[PDB]
Structure formats: C-alpha cells, structure tokens
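Structure first, commentary second.
Every chain is numbered from 1 and lettered A, B, ... according to where its sequence line falls, protein lines coming before strand lines. For the numbers below, each heavy atom of this structure counts, side chains included, while hydrogens, waters and symmetry mates do not.
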Amino acid sequence: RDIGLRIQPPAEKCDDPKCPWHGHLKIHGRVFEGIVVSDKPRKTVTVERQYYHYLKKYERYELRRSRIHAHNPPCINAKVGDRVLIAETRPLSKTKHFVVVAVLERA
Amino acid sequence: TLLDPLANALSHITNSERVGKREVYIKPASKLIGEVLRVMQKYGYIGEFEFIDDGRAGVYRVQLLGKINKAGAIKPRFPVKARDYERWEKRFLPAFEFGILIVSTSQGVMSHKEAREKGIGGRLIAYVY
Amino acid sequence: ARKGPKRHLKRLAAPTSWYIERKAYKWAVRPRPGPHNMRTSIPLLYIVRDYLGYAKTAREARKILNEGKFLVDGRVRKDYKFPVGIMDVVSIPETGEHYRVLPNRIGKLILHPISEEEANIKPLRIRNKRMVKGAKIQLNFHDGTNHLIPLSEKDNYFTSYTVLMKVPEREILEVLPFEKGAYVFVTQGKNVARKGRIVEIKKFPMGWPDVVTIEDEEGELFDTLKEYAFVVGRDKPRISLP
Amino acid sequence: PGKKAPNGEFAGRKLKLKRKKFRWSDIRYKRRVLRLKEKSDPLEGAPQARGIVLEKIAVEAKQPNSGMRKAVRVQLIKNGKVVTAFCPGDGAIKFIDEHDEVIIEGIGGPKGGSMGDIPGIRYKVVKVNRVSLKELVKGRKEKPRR
Amino acid sequence: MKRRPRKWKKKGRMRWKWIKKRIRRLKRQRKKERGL
Amino acid sequence: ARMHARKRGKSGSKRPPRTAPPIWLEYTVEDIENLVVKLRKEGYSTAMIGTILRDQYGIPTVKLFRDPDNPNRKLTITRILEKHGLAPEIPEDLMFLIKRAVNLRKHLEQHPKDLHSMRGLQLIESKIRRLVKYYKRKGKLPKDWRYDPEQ
Amino acid sequence: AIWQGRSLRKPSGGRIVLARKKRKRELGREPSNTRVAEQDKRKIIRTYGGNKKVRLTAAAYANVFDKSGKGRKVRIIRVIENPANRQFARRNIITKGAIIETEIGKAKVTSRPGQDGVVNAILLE
Amino acid sequence: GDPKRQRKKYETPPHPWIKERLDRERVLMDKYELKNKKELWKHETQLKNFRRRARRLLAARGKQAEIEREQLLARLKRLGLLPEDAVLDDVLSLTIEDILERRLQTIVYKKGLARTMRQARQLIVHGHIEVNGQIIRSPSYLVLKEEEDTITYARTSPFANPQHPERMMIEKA
RNA sequence: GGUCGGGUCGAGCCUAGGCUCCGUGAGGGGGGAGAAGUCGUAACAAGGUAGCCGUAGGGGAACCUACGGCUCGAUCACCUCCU
RNA sequence: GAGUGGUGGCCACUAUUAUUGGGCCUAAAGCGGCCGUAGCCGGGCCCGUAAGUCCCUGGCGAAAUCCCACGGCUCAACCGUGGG
RNA sequence: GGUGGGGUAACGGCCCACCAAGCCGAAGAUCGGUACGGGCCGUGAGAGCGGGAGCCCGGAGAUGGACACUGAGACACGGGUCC
Ligand SMILES: [Mg+2]
Ligand SMILES: [Mg+2]
Ligand SMILES: [Mg+2]
Ligand SMILES: [Mg+2]
Ligand SMILES: [Mg+2]
Ligand SMILES: [Mg+2]
Ligand SMILES: [Mg+2]
Ligand SMILES: [Mg+2]
Ligand SMILES: [Mg+2]
Ligand SMILES: [Mg+2]
Ligand SMILES: [Mg+2]
Ligand SMILES: [Mg+2]
Ligand SMILES: [Mg+2]
Ligand SMILES: [Mg+2]
Ligand SMILES: [Mg+2]
Ligand SMILES: [Mg+2]
Ligand SMILES: [Mg+2]
Ligand SMILES: [Mg+2]
Ligand SMILES: [Mg+2]
Ligand SMILES: [Mg+2]
Ligand SMILES: [Mg+2]
Ligand SMILES: [Mg+2]
Ligand SMILES: [Zn+2]
C-alpha cells in the first residue's frame with residue numbers, strides 16, 4: 001500500500017485507528033527525519049533533529065536542536081537510538097502533532 | 001599540538017623570504033599543499049618544487065625567488081559566492097587586481113580570478129601577494 | 001475586523017493587478033463576491049470609468065450601467081461591484097465593440113480587442129470534477145461556474161482540459177485536452193503572458209503541485225506550474241491573443 | 001596571552017556570550033539599560049521644570065577662585081523635592097523674591113551635571129513669574145505685579 | 001578580601017595593612033550588634 | 001611535550017624508508033611466525049619479542065613482509081599471534097598500567113603520609129581512564145567493563 | 001460558563017496570563033445525561049452559523065441491528081454497564097459504547113445520542 | 001515603525017570655521033552673486049551625487065549596471081555638462097564651476113541680456129525672461145542644452161522693444 | 001413569569017497565616033567636600049629603626065612588635081658567578 | 001540668515017566593547033598550583049555518501065517607503081509610467 | 001501520555017471516569033523586569049548601534065471585575081444584567 005510517502009510499509013499489521021498504514025489517519029504537510037531520545041510514554045516518542053544557524057554579525061555558525069513529540073504505532077514500535085521518519089497530522093493531544101511512519105536504521 | 005599543516009607552510013615561507021632564504025622544506029606534506037604550490041607557481045611567486053618520500057607523510061622542497069610580499073592562510077574557511085569577491089579582495093589585498101585569493105571549489109583548487117571567470121564560488125583558504 | 005466581515009478597502013491595499021492611481025484618494029471599490037477570485041479580476045466601475053473613459057464620475061457611470069449598455073459573457077450586468085476576470089468578454093453593442101480580459105507581461109489586467117464572431121465563445125479550464133445525484137457528472141470551471149454531463153461521457157473530460165463554450169446559451173462545442181504538443185498560455189507567475197507548446201510533465205510526492213516545461217516560438221524552454229498553464233489550442237491558438 | 005579566542009567556524013554561541021558578558025563592564029551601557037538615571041532624577045526625565053522659591057543663598061567659589069555666586073532654593077511642583085538653582089547675570093538676584101515661581105533647566109556641565117567653579121549646583125533659572133530673566137537683567141521688559 | 005596592589009603604593013595615603021586592620025575592626029562591631 | 005610534566009624530550013628510533021626486506025636477510029615468513037610463537041610461549045611481551053628478534057636474530061621488524069592471507073596489509077606481531085590464538089585478552093599498555101597501580105596502592109596503605117607518590121597514582125589512573133575510553137570506542141573492551149581497584 | 005479555549009498551563013508546567021476576554025465562539029454546553037424512561041424526550045439547539053442539533057434527554061426505544069443488515073425498533077430495559085464512567089450504569093445513563101439490555105438481548109450502542117437524537121445499537125450474540 | 005519624513009537636499013560643512021574653505025567659498029559667492037551659503041551648498045551636493053554614481057558604476061558589472069551607466073552619461077550630456085563623445089571616467093573631472101555656469105542667472109548674463117549678474121537676477125525674478133516660450137522666475141534653474149538658444153525677453157515685457165531706455169543701456173555694453 | 005427542591009459554576013466580602021512595598025522614626029555608624037580649632041611627624045634621601053605583603057597581639061592618633069616572604073632598598077669591605 | 005541661540009535624548013566622535021578590529025612584565029587586567037567532564041579546536045593516504053557548501057531553474061517574501069531614466073504641475077518639492 | 005466518553009462549527013486534557021509515571025531544565029527551566037508585533041525610521045565609509053506615536057497590515061480595549069439575549073457574524077464604544 002502507498003500513502004504518498006514512497007517508502008515500504010511495515011512488516012505486520014495493527015488495529016490502531018490512529019495508524020496511517022492500517023487505520024484511518026491521514027498525513028499532510030512536512031516530513032522530518034530524526035533520532036529518538038525518549039520512548040517512556042505509551043505509544044509516544046520524542047524525536048530530535050540538529051541544524052546550524054548563521055549569525056550575521058559574527059559570520060559564524062551555532063548548532064541548534066528541534067524536539068518533536070510523535071505518535072508511535074504498535075506495528076512500528078520505535079525505540080531509543082534509531083533513525084525515524086515522521087509526518088505531520090491533525091492534532092492528537094496537547095503536544096502531539098506528528099506520527100512515525102518508518103524506521104530507517106534500527107539502533 | 002599540530003592543527004593545520006597549510007598554515008604552518010605559508011607562515012614558514014613568509015618568515016623565510018624576509019631573511020633572504022633561497023629554498024625551504026615543508027615538513028608534513030599533503031595533497032592540498034601541493035595544489036596550493038602549483039597555483040603559486042603558475043603566477044610566478046615560487047620556482048620549482050619537488051616531493052620527497054620518507055616513510056612518513058612526505059616532504060616538499062621549494063625554491064624561492066624573492067617575489068612574495070606576503071602569504072597566509074584564511075581561518076575560518078569562509079564560503080563565498082560567485083559574485084561576491086570584491087569585499088574579500090578589499091579585506092586581504094592592497095589594490096584592485098593586486099595578488100590572488102586561493103579558493104577551493106568542487107572543480108578543484110584555483111585562484112579567485114579563474115573561478116570568477118568560470119562563474120563559481122567556494123571556500124577561501126589562502127591569500128598571496 | 002474585531003467582530004465582523006470587512007466591507008471597505010483602502011486604495012493603498014488594493015490588488016496589484018489593477019490599473020489604479022493609489023494615492024489620489026482614500027477609498028477604492030470593494031468588489032462583490034462572484035465568478036473569479038480577488039487576484040484575477042477587477043470591478044466593472046473601473047472598466048467603465050477608468051479604462052474606457054465613457055464616464056467621468058461614479059454617478060454617471062452608474063446611470064450608464066443601469067440602462068443596460070454593458071454585457072459580460074453575453075449577459076447584462078448592472079452591478080458596479082461585479083468582478084470581471086481572465087478570459088471574459090466585455091461587449092458594448094451600442095458602439096459595436098468587444099474585448100477579452102487578459103493579464104499583462106507584468107501581471108496587470110488589460111483589454112484586448114477582438115472580432116464580433118470570436119466574442120461568442122469563452123474558453124473554460126476544468127478546475128474540478130465530481131459525481132452528483134442521479135449518477136451524473138458535474139464539471140467545475142476556473143471562473144466558478146458549473147456544467148452537467150451524462151455518465152456515458154465520463155471519459156471525454158478530465159481536470160486541466162479546456163472547454164470552448166458558446167455564451168450566453170452555455171452550449172459545449174469543443175474539448176481541448178491537456179497533453180504534449182498542446183498550445184498553452186500562462187496566466188500567473190514569473191512567466192505570465194508567455195505562450196507556447198508542452199514538452200514534458202513532472203509530478204512529486206506528498207501533494208506538491210506538478211510542473212510543466214514549455215517551448216516558445218523562438219525555441220526557448222521554460223517551466224511553470226501546471227495549474228498556471230491554460231490550454232488554448234491543439235497546435236495553433238483557437239482564440240486571438242497578443 | 002595567546003591568540004584571541006574562540007576563532008572557530010562553529011563557535012558562534014560562545015563568541016556571542018563573551019561579547020555580552022564583557023559589555024556590562026561599560027558604565028554607559030549599564031546605566032542606560034538598567035535605567036539608573038531615571039531612578040534618581042528629581043526632574044523625572046524632563047528638559048525643564050517649574051518651582052517655587054523658598055529662600056536666597058550664596059555659594060563660595062572653589063579654589064583658587066574667589067567670589068560669591070547667587071542662587072535660590074526651589075521646591076518643584078511635580079513632586080515636592082527641593083533643589084538649588086543658579087541665577088546668571090550681573091545683578092540678577094535682585095529680580096527674585098520669596099514665593100515667586102521660576103522655571104529651571106540644566107546648567108550644562110560635563111556628563112549632564114554641574115560646571116565651572118560651582119560644583120554642587122546642577123540647574124539655572126530661565127524665567128521669573130513667566131518673564132525671561134535675560135530680558136529683565138538687560139532691560140527691555142519689566143517684572144509684573146511690582 | 002580581593003587583591004588591589006595599587007592600594008599598596010604610599011604616595012598620598014596611609015599603609016594598606018593598617019587600613020585593612022581598621023576595616024576588620026569595624027566589621028566585628030556590626031556583626032555583634034546584628035546578633036542582638 | 002610530555003602529557004603531564006611538559007618536558008620536550010626527543011629520544012626515539014630512526015627507521016630508514018624501505019619497502020622489501022634486505023638482501024642479507026635469509027629467513028622466510030614461516031620461520032618468522034614460528035619464532036614469534038615460540039618466543040610468546042616462553043612468556044614475553046609483544047614489545048619484548050620484537051626486541052629479541054632485532055637483537056639476536058638480525059630481523060628488523062616483521063612489518064617488512066606482506067600478510068600471506070590478506071594482501072591489503074603488512075604483518076605485525078599482534079596479527080601473527082591472533083592468527084594462532086595467543087593474542088592478549090586485554091591490551092598490553094592498559095595491563096601494564098593497571099599492574100603498576102596495584103603495586104602502588106598497597107605501598108600507600110602502609111605509608112599514608114607519602115603525598116608525592118599519591119599524585120603519581122592519580123596521574124596513572126588518569127592515563128588508565130583515557131585508555132579505557134579509547135578502547136570502548138573501538139570495541140576492544142566490552143561496554144560493561146569497568147576499572148575498580150577493589151577488584 | 002463552560003469555556004473550551006486553551007489550557008492555562010504550558011507543557012513545561014509554567015503558568016499563562018490571559019491576554020483577552022473569552023470569545024462567544026469558544027463556549028461549551030451542558031452534557032445531555034440520556035436516561036432510560038418510559039417515554040422519549042428531545043430538544044432542539046440553535047448552534048453556530050444558525051444550524052441545529054437534536055439533543056435526546058430521555059430514551060425509551062432503540063434501533064437494533066444484526067450482522068445480516070436487518071434492524072428492529074424495540075424498547076430498552078436498562079443499562080448493564082458503561083465503561084465511560086464508573087457510576088453511569090447505576091443511574092441508567094446512555095452514551096456511545098454502553099451495553100444495554102433489550103427484549104431481544106444485549107446490544108452495544110453505536111450512536112451519539114447527545115448529538116444525533118436517536119439510539120442505534122449492534123446486537124451482541 | 002515610522003512613516004516617511006522629507007529630508008534636506010543639501011549637506012552642511014563638517015566644521016563651520018576652516019580658513020581655506022571660507023576663502024574659497026567667499027570667492028565663489030562673490031563671482032556668481034548667490035544669495036546665501038545654502039544655495040551654494042545645494043549645487044555642491046548635486047556634484048557630489050554625480051560622482052558617487054560614477055564611483056559605484058565603475059566597480060559594478062551585470063545587466064542593470066550597463067543600463068544605469070548609459071543613463072548617467074545621457075543625462076549628463078542632456079544638461080550640457082559633457083560633450084557628445086565623453087566616457088564614464090570624464091565624470092570624475094567635473095568641477096563646481098561647471099554646474100554654476102548652467103544657472104539661468106549665469107546664462108542670461110553670458111548671452112548679453114543683462115549688464116551684470118545682479119541685473120540678470122532681477123530680470124529673472126520680475127518676469128522678463130522666457131525660456132522656450134515659457135516664463136520661469138527661478139534664477140537657480142539649470143538650463144538644458146536643447147533649449148539654451150531659445151532664451152529671450154518675454155514678448156509682453158517692456159524690454160521687448162529695442163527703443164526702451166534700459167535696454168539701450170544694456171546694449172551699449 | 002412567580003414560589004420551592006437539588007446539582008453545579010462564580011465576581012465580591014470576612015477571619016486568620018506567611019512574604020512584599022511606600023511613609024515617618026529616638027538612637028548608633030562609617031563616606032565625601034570645606035578650612036584650619038587641635039595633638040603629634042608615619043611616608044618620600046640610608047627620611048634619620050630600609051620600605052612593603054600575609055597572619056596575630058598591643059597603642060590618643062598617625063603607628064609598634066613577633067614568624068614566614070618580596071626588592072618595587074642606600075653605603076663600605078670581602079667572596080662567588082659571568083661578558 | 002527669516003531665522004539664530006539655550007536645555008534634555010540617540011548615533012558619530014570611540015579600535016572607550018574590538019567578527020572585520022583592542023588589551024593583560026613595569027600603566028586597569030593570567031585563577032597560588034595542577035588533574036579532568038561537557039563544549040570548542042584537531043596528523044597523512046585510498047574508496048563511498050551528499051548533510052554542510054557552490055552552480056542552474058520552479059513557487060513565495062502586499063502596497064507605501066529607497067535608487068535610476070522619461071513624462072505632468074513655471075522648474076522643484078510632489079505625482080504618474082517603466083527598470084532595479 | 002494512554003484507554004472510554006462528553007462537549008464543540010470543528011481537531012484537541014477543551015472537560016470528565018479509569019490506568020501508568022511521565023513532562024521541562026546550566027544549549028538557562030521556573031520566577032522577576034520592561035514592552036503591543038511588523039513593513040519601516042535616525043545615525044555611520046562600511047561592519048554596526050539606537051528607536052518603533054502619526055501612514056499601511058495584524059492584535060487588543062471601551063471607568064475596573066464578572067455574565068447573557070438577538071443575529072450569518074457580538075458576549076456588542078453612541079444595545080441589555082450584577083457587583
Ligand atoms: Mg466596531
Ligand atoms: Mg494539496
Ligand atoms: Mg507601532
Ligand atoms: Mg619619619
Ligand atoms: Mg626618630
Ligand atoms: Mg622609617
Ligand atoms: Mg608593643
Ligand atoms: Mg586599550
Ligand atoms: Mg596592575
Ligand atoms: Mg599564574
Ligand atoms: Mg586539563
Ligand atoms: Mg586532516
Ligand atoms: Mg544541497
Ligand atoms: Mg514591497
Ligand atoms: Mg511642464
Ligand atoms: Mg522632472
Ligand atoms: Mg509615486
Ligand atoms: Mg472524540
Ligand atoms: Mg504598555
Ligand atoms: Mg519592541
Ligand atoms: Mg497621535
Ligand atoms: Mg474615559
Ligand atoms: Zn500499523
């Protein structure tokens with residue numbers, strides 16, 4: 001099945017209605033890549049991405065990091081340390097607005 | 001400890017020319033130092049140079065001709081765009097076409113004049129005049 | 001707007017495609033909702049007063065409109081707020097003249113004189129297409145209007161095709177497909193008002209819009225958005241364009 | 001001391017923090033941003049003020065000058081604070097009386113403060129009962145209500 | 001206390017060591033009264 | 001300079017640049033591997049084996065022959081010992097430093113006031129922790145390995 | 001009265017100071033506690049944009065569906081259980097997901113009676 | 001932010017009392033009979049702006065730079081400050097005296113319509129001079145080359161009569 | 001629309017507890033200017049006991065004394081180490 | 001010069017805040033000494049990748065405000081049409 | 001944060017019932033100070049430094065604090081209720 005990403009679907013199926021592969025959730029907007037740095041809450045992960053910001057006065061760079069909370073479907077079940085792809089969705093909780101759609105490199 | 005082989009080589013050359021030395025040895029060699037030396041030779045700032053093989057990273061033997069006012073590395077290695085060379089010229093050079101800035105591009109190492117003719121930017125690594 | 005819809009428009013905030021002197025007065029006409037959108041149309045008062053010059057003041061422009069002297073796409077229009085947009089035909093029968101509304105090379109709206117015969121047809125790009133009750137097809141055009149076709153015809157119309165329509169009778173007479181070798185006229189963007197032929201079509205994932213490469217007459221290739229490319233012919237234009 | 005640091009391409013945050021840290025050593029910057037002058041100004045940021053005269057006095061000039069400088073004690077209308085103000089001109093102190101209202105402004109010394117051989121006085125009289133003092137000292141005009 | 005070696009110079013001032021002793025004597029009195 | 005004392009001593013070896021073994025060296029690779037195994041079984045360190053091979057058998061370093069198995073690399077004493085299963089379980093420099101630290105700690109139990117020697121123990125344990133960081137990074141030590149003197 | 005605008009807390013735990021009054025378009029309404037009764041009772045709510053909602057306050061009948069697609073209108077006896085709230089079953093409160101007993105057996109409610117005005121259920125075998 | 005504020009068209013000296021500058025400016029003021037310093041300063045600023053455009057265009061390259069380069073040359077020759085075959089480098093040799101020679105006051109005096117600079121100023125202010133059929137009363141107006149030779153007495157002026165007493169005295173010079 | 005029952009939300013008000021701020025305030029303390037009312041002469045020359053740092057005790061006041069340190073110490077004789 | 005002086009504020013003066021571009025033996029200023037965590041800075045060669053970086057091209061960053069030429073108020077200030 | 005509901009024009013700890021221990025922080029949380037944001041404006045060779053009343057676009061308010069009726073749209077400056 002395709003959801004417009006162009007990536008392979010997960011190995012097995014799930015019953016989560018909040019899953020974009022086997023449920024009714026839709027993805028639309030930005031797609032980010034990052035690293036998991038926390039997986040304690042049920043079906044929730046924290047994803048961190050690094051980037052450089054340019055300081056015009058000092059003509060030099062500094063490193064900044066972006067942290068995003070995302071929903072973790074049971075068929076994927078990402079864990080701390082691996083690379084993930086996440087896609088934007090409709091509000092799911094107070095802080096959750098993305099869903100994990102693929103593990104790129106297991107830790 | 002050693003951090004930057006190219007900076008040592010250029011500071012060594014500028015120290016040696018100020019007291020009239022006719023040749024120098026550049027002790028830790030590398031490919032980038034070789035490309036910089038080729039560009040310097042093309043514009044007439046040095047004479048012949050040769051690679052000498054130890055069991056280590058190699059040595060360069062370079063002939064000097066007393067034609068260098070000054071030469072030095074540029075740290076940090078600032079990126080530059082293809083139509084932005086003038087302000088860097090005013091930063092490092094004494095008149096409008098006096099000397100060369102040495103630039104690392106994805107087409108190789110070259111003077112800023114050749115790169116400006118090709119229409120490309122890159123990273124500044126050295127100046128010689 | 002603290003509590004309700006806005007009903008006013010300052011001259012300095014008017015759309016950039018109008019030919020209007022932006023500092024001469026405080027207020028401009030706030031156009032009425034209608035066929036086109038705000039970026040691709042202009043109120044009729046500026047056509048009567050500012051463009052053609054048939055009236056000096058708003059009061060005598062309104063008297064001209066109320067007597068029924070101006071036709072838009074073959075129908076009498078009396079509202080001075082009525083929006084007039086891309087590919088419409090403006091007709092004055094008491095003087096016997098006709099114009100087509102088209103964008104400039106700079107993106108501004110202008111009037112292009114045409115023949116009396118060509119004034120009977122309006123090209124309409126197919127913006128959307130849907131099923132409707134009774135299992136029929138509704139076509140939704142670029143100027144906001146709609147048409148119905150039977151289920152047997154469903155393979156002769158798709159989005160981005162152009163339909164030449166006889167106005168004001170609203171009768172179909174020709175379907176022009178969107179494909180390689182078709183003749184197109186650009187309506188928005190940096191390459192606005194350039195025209196030519198279709199070379200290639202490209203698509204992307206996750207809802208980013210699709211792009212087209214176009215060869216002009218002098219042999220140069222340029223790109224634009226697919227939805228900015230308005231089909232006007234097979235291999236020659238079917239309407240008169242500057 | 002070695003080479004000035006940090007020079008690295010990816011050391012922007014530390015360089016910015018260094019500049020911010022040592023900028024607080026500049027007394028001009030610190031006074032402006034902390035608004036210290038506003039906290040203690042009896043004129044409350046104004047260029048001029050109005051007050052009522054309570055008494056006349058005389059201040060000795062500093063060494064090695066000699067002479068007596070004529071001044072007044074003034075109570076400001078806006079907040080009730082009392083300040084000393086100089087009366088410029090030859091014979092100017094004769095045009096002032098107790099219970100009169102005056103307009104004062106800065107005396108014009110370095111750093112917006114006092115000047116000359118009279119430190120301690122920061123202000124000068126410009127108007128007396130709404131008439132320019134310079135005119136009165138020269139002539140050309142008369143002080144009203146006797 | 002912090003070091004100010006310029007204060008040790010003698011032109012136009014009394015000896016810093018004894019100034020320091022006087023300051024410490026004054027600080028003891030304040031700390032005693034703060035306890036009552 | 002020296003890591004802690006900041007001295008600038010220069011003594012060391014001066015190896016000439018050469019590719020092949022010299023003409024006067026008659027030993028083959030098989031003899032050299034046999035000699036290395038015999039010396040290791042006699043109980044010598046990897047540094048000591050090379051010293052004996054240089055001094056007594058006229059063999060300048062074994063890093064003059066190509067590896068008969070892998071043509072991408074030259075021969076070393078540790079690689080030869082690995083090929084037969086007699087390689088050290090802990091890297092030798094770490095082992096020697098740990099051994100020095102154990103002897104010094106029991107001296108300090110009987111001499112609690114010997115403070116100058118205690119700073120030497122502190123410097124040695126700094127060296128040990130630098131090496132353990134490096135070896136864990138490379139995978140030559142398990143991730144759970146820890147250095148504890150009470151062991 | 002009932003405000004549904006935004007939380008007064010940041011995710012870090014810090015407090016938020018409101019910067020405007022409550023807007024009318026942000027308000028909620030009282031919940032409909034749909035009871036089991038002998039007779040039905042519903043009311044009509046005028047909603048945003050001049051729309052309507054049918055709110056069921058007391059229910060006496062249910063539409064019960066099978067896996068074959070046939071439906072029957074039957075009367076409701078009582079609420080056996082409701083996982084939404086621990087004491088709804090004691091009070092006979094009907095919501096989506098509640099288990100009801102009818103003359104033809106137990107069923108699970110699939111409708112939102114506070115929003116739709118009717119009770120629809122699937123028959124449990 | 002802040003809305004637009006209309007700014008001065010002339011620049012003042014960086015120091016009011018420098019002896020050499022005072023002497024030079026006094027000579028210019030006497031020679032061309034200007035009314036005050038700011039008038040002179042106005043013309044100085046015009047000159048500076050021209051040079052600043054040439055300095056920037058020499059060190060530029062591209063497509064808009066060329067259009068600007070030819071527009072600057074065309075405007076300068078329309079005003080009559082450069083000959084028809086001048087190049088960009090010639091912009092850097094212009095002096096303040098070149099600009100003052102283009103004032104309508106100066107040109108009225110040069111053609112022989114007045115006897116003195118002061119008389120030319122009064123003739124302009126009172127409305128006795130026409131430029132290409134139009135009466136202009138600003139002595140500082142800079143005359144274009146294409147209209148320089150159509151500058152005469154106004155056809156309704158007393159001076160447009162060769163027997164007028166004041167005109168005969170002007171002609172006697 | 002009145003009257004009563006129940007549920008629930010709620011500005012304001014009262015009492016007590018804790019912090020916080022402005023206004024006066026007996027008494028106590030050093031700081032800065034002034035010009036000299038007073039007692040001495042500590043710093044500068046070997047300043048008439050070389051000066052100064054750390055710590056501690058003592059004295060109207062500058063200051064004195066003890067242990068460890070620095071030269072930012074004069075003079076003469078002798079010795080050592082250099083160019 | 002129809003203006004010209006006084007008072008208060010910001011920028012410049014000032015390389016007295018220093019990326020460009022400052023200082024620390026005797027003038028303000030190197031922690032009494034050392035070990036080490038994060039951060040910053042890191043030796044030579046070969047192969048891969050393409051995140052940083054460079055080049056080309058699609059969609060955007062309202063108008064007013066700024067620069068240039070031409071045109072309309074006597075010229076100008078101001079206003080319009082085009083280019084940036 | 002999860003599961004099951006309610007409510008809303010609509011997604012949502014927006015609010016409830018039940019189950020877990022999570023969430024933010026020396027790369028500065030929390031708390032305190034000051035302030036409507038931007039297009040732009042002043043100054044300087046430039047790098048920069050300072051300001052953001054007047055015109056345009058967005059936000060908020062109608063003596064202070066709460067709360068409703070009508071309406072497509074308001075909890076309404078020249079409409080309603082309480083303190
Ligand atoms: Mg209103
Ligand atoms: Mg889309
Ligand atoms: Mg503002
Ligand atoms: Mg003495
Ligand atoms: Mg004595
Ligand atoms: Mg003494
Ligand atoms: Mg004693
Ligand atoms: Mg300095
Ligand atoms: Mg010092
Ligand atoms: Mg030190
Ligand atoms: Mg260290
Ligand atoms: Mg390297
Ligand atoms: Mg890239
Ligand atoms: Mg704009
Ligand atoms: Mg004209
Ligand atoms: Mg003009
Ligand atoms: Mg304009
Ligand atoms: Mg729900
Ligand atoms: Mg405020
Ligand atoms: Mg602000
Ligand atoms: Mg105002
Ligand atoms: Mg009021
Ligand atoms: Zn799934």
Side-chain angles (χ1 to χ4, degrees), chain A residues 40-44 52 57-60 64-65 90-94, chain B residues 1-3 5 28-30 56-58 79 81-82 91 105-106 119-123, chain C residues 3-5 10 12-14 16 21-23 189 211 223-225, chain D residues 1 6 8 10-11 13-15 19 22-23 25-26 29 46-48 105-106 108 112 126, chain E residues 8 10-11 14-15 17-18 26 30, chain F residues 122-123 126, chain G residues 1-7 11-14 19-24 28-29 31 47-51 83-86 95-97 114, chain H residues 1-6 36 64 67-68 71 74-75 134-138 141:
Chain A
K40 303 306 184 198
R42 287 175 189 164
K43 302 178 183 180
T44 304
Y52 283 113
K57 174 178 180 183
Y58 292 107
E59 59 208 9
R60 287 164 174 79
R64 292 184 180 186
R65 58 195 160 188
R90 70 171 174 80
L92 298 176
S93 77
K94 184 171 181 178
Chain B
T1 53
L2 170 73
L3 307 163
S30 78
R56 322 177 172 187
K81 282 180 169 63
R91 189 142 145 182
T105 77
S106 62
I120 56 181
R123 301 248 176 191
Chain C
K3 323 287 177 181
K10 305 279 222 296
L12 286 173
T16 186
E21 297 188 15
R22 291 181 175 269
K23 300 226 213 180
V211 182
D223 291 352
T224 189
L225 297 189
Chain D
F10 296 103
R13 179 181 276 110
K14 182 72 153 64
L15 191 48
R19 184 55 47 203
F22 289 117
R23 201 180 184 193
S25 298
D26 176 10
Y29 169 84
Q48 304 177 319
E105 78 185 352
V126 191
Chain E
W8 312 340
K10 213 63 199 321
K11 174 183 174 184
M14 78 184 278
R15 189 181 181 176
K17 198 178 200 173
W18 309 142
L26 185 48
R30 288 168 185 155
Chain F
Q122 289 172 340
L123 296 182
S126 282
Chain G
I2 298 166
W3 189 59
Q4 296 178 348
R6 65 144 65 95
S7 175
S12 68
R20 65 170 184 186
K21 76 181 74 169
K22 295 175 188 179
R23 304 294 183 205
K24 185 178 184 147
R29 297 192 187 93
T47 69
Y48 190 68
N51 289 107
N85 190 274
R86 196 183 47 183
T95 67
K96 183 173 188 292
Chain H
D2 295 290
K4 173 190 176 175
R5 316 169 177 177
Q6 291 184 29
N36 48 37
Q64 182 73 25
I67 292 168
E68 293 203 19
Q71 280 173 341
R75 182 61 181 177
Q134 159 75 56
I135 293 180
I136 284 165
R137 308 208 212 115
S138 291
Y141 170 82

Fill in: Dot-bracket encoding per residue of RNA chain K, Watson-Crick/G-U cut-off under 3.5 Å, | denoting interstrand
((((((.......))))))................((((((((....))))...)))).....((((............))))
Practice prompt. For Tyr48(G), enumerate each residue passing the ring pair (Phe, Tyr, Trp, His ring centres under 6.0 Å) test, keeping only those at least two apart in sequence or located in another chain.
Written response: none
Worksheet entry | Those residues that, when tested against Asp2(H), pass side-chain contact (heavy atoms from CB on, under 4.5 Å) (two or more places apart) | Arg5(H)
Tabulate atom names and distances for all N/O pairs under 3.5 angstrom spanning the protein and nucleotides 79-84 of chain J.
residue: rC79(J); atom: OP1; partner: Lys23(C); partner atom: NZ; Å: 3.1
residue: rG82(J); atom: OP1; partner: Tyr19(C); partner atom: OH; Å: 2.8
residue: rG83(J); atom: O2'; partner: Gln64(H); partner atom: OE1; Å: 2.6

Under 3.5 Å, N/O pairs linking protein and nucleotides 65-69 of chain K:
residue: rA68(K); atom: OP1; partner: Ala1(G); partner atom: N; Å: 3.1

Worksheet item: Base, backbone or nothing for each nucleotide of nucleotides 13-23 of chain J, written B, S, -, heavy atoms under 4.0 angstrom, 5' to 3'?
Response: ---BBBBSSS-
If you restrict it to nitrogen or oxygen atoms, what contacts under 3.5 Å exist between nucleotides 76-78 of chain K and the protein, and what is each distance?
residue: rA76(K); atom: OP1; partner: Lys21(G); partner atom: NZ; Å: 2.8

Practice prompt. Under the salt bridge (charged side-chain N to carboxylate O under 4.0 Å, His left out) rule, collect the residues that match up with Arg123(B), sequence neighbours excluded.
Written response: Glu9(D)
Worksheet item: Dot-bracket, RNA chain J: Watson-Crick or G-U, under 3.5 angstrom, [ ] crossing, | other strand?
Response: .................................................................(((((((.....)))))))
Practice prompt. Encode nucleotides 53-59 of chain I as B, S and - characters from 5' to 3', where the letter depends on protein heavy atoms closer than 4.0 Å: B to the base, S only to sugar-phosphate, - to neither.
Written response: BBB-BBB
Discussion item. Using the side-chain hydrogen bond (donor to acceptor under 3.5 Å, both in side chains) criterion, which residues pair with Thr105(B)? Sequence neighbours excluded.
Written reply: none
Worksheet item: Looking at residues at least two apart in the chain, or sitting in another chain, which of them share a ring pair (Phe, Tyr, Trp, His ring centres under 6.0 Å) with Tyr58(A)?
Response: none
